[PDB]
């Protein structure tokens, strides 16, 4: 509705490449409101290839859906520009994606942060399930860091408009089946990424051979910091039978309980020197970079 803004190409500018994925390239950009002098930082995603205006109508229809999400842990699509190559606008996250964040702060991340991130990602996916929106490309690279205390899911629904083998449920690899329960499989891999501080899953195994090892019962290994309870949640996300996997609602509760006693469920060297920010640092971050309400 009024949730998605249609932008003129003349009101924004690319200033820096942030990266590229399977579906396009993301830029740091500036929005210049017409008739104003200000330059507002934004993220711009230029799709991999140019689309006909017939295809644009379909891109537009789904863009309205993605612009309609309202949840503190889900990124909302903000605008679109229907140039020959479609350009999409969302809020710029200066901290980048959670995968890069955990790699940059490897070891230096306390159990309180890791478990809270699992809670927040589960909340965002539970919301998407409520909307009947299947992500299809959940991974640590598609969780953005708004502040170190507040992460948000991005890039949902993109994959079905326009293949991350090592994050997909077996049935998605074999039969192109994508459901909320196959998203749960990808959730488990995302948690594994966090708990290993950004390790590549199935490192050294060709993607063409992942489905065979999954059929034989092979799974991602137990991260060194994960207790039996944390790793069992992850293993349950990877059950062959999709209906045997946990619900995102169940995951919220499980990780919330664990986050109330983090040192019991993650064993991290020097965890006693790491910290969840002080109310002083929490208020400062919010006023500067995060004024949306959240738990």
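Positions refer to the first chain, counted from 1.
Quick one: is residue 161 left out in at least a third of the other entries we compared?
Counting only entries that model residues on both sides, residue 161 is unresolved in at least a third of them.
Where the other entries model residues on both sides, is residue 54 skipped in at least a third?
Missing in at least a third of the others, so yes.
Which class fits the unmodelled deposited stretch between residue 162 and residue 163: none, 1 to 3, 4 to 9, or 10 or more?
Unresolved stretch here: 10 or more residues.
So, looking at the entry's B-factor column for Cα atoms, which has the higher mean, 215-223 or 192-200?
Looking at the record's C-alpha B-factors, the answer is 215-223.
Decide which of the stretches 168-176 and 137-145 has the higher mean C-alpha B-factor, going by the entry.
Here the higher of the two C-alpha B-factor means belongs to 168-176.
Of the choices 48, 235, 28, 39, which one's C-alpha carries the largest B-factor in the record?
Max CA B-factor in the entry, restricted to 48, 235, 28, 39: 48.
In terms of the CA temperature factor given in the entry, to which third of its chain does residue 287 belong: lowest, middle or highest?
Middle third - that is where residue 287 ends up once the chain's C-alpha B-factors are sorted.
Please place residue 252 in the lowest, middle or highest third of its chain according to the CA B-factor in the PDB entry.
Lowest third.
Going by what the PDB entry lists, where does residue 32 fall on CA B-factor within its chain: lowest, middle or highest third?
Middle third of the chain for residue 32's C-alpha B-factor.
Comparing against every modelled residue in the chain, figure out the third that the C-alpha B-factor of residue 74 lands in (lowest, middle or highest).
Lowest third of the chain for residue 74's C-alpha B-factor.
Taking the values exactly as deposited, rank residue 92 by C-alpha B-factor within its chain and report the matching third: lowest, middle or highest.
Bottom third by C-alpha B-factor.
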